[PDB]
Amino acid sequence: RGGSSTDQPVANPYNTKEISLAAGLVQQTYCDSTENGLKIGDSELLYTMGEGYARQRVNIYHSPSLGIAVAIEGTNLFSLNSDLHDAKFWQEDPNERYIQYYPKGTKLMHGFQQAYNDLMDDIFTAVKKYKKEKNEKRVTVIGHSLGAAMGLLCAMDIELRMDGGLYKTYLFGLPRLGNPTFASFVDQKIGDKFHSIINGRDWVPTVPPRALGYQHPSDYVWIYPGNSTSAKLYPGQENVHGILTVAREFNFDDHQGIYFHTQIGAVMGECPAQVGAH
């Protein structure tokens, strides 16, 4: 609790076709998306907002396997290896909309919370529209990169504040989001709903750093080598045996790589996204 799990890596328990799929659903947030009727894996694109310039694109899909799926783009509205003194990187209390639901002393990174906050009323409205419209009780939140941290917060919000709560969340290249209190609270509200997938030598999962008071929730699955299908699960928070044991590269190569046969290539990858293409 605040610590670093020393536990041994296990086989990857996650459903890889669902990981594959969610990757597709999020790659698509980098493409224009009221291309109406669009189809990605088992999924129908239902709705879209934002555009990746002032807010992240968010796509709402419907999926037989993942329910109503909310995907949050993670383009670089701001930069994660810029000057770690900027207001973007400061910890702050939960927004007043949902502070009532969190332990006391939950801190969340500003850049991520502000960016979720400019989308949260619309997301909620849209998620309710299409739940009612498709008689669907499962809500899946997906994000990549900056969208991954936003997605974590969104997934928490949905669990706490939305009726029916959360089905699952798949989170790719998840930057850190909250303090140890936040990370532990995630473990307990959505621990078993939580899926954090890291590819190769990706650096993003290491920022903002722990020195500033940030802590990942428990477990990720780490795909090494990058773009392969070998993956162990590294359990507990901030597992000493994981990603840091291999040099991080300081570009977005692995970051924008192949996650169980689907490439999340971002602005420069597949549009529309192609589930299973690789």
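The first residue of the sequence shown is number 1, and the count goes up from there.
- For the pair 79-87 and 169-177, the mean B factor over Cα atoms is greater in 79-87.
- Higher mean CA temperature factor between 200-208 and 131-139: 131-139, per the PDB entry.
- Based on the entry's C-alpha B-factors, the most elevated value among 240, 26, 60, 66 belongs to 240.
- Between the residues 221, 70, 46, 246, it is 246 that shows the highest Cα B-factor in the PDB record.
- In this PDB entry, residue 217 carries a Cα temperature factor that places it within the lowest third of its chain's modelled residues.
- Ranked within its chain, residue 92 lands in the middle third, by CA B factor from the PDB record.
- Sort the chain's modelled residues by C-alpha temperature factor and residue 161 lands in the middle third, per the entry.
- The entry lists a Cα temperature factor for residue 100 that places it in the highest third of the chain's modelled residues.
- Sort the chain's modelled residues by C-alpha temperature factor and residue 19 lands in the lowest third, per the entry.
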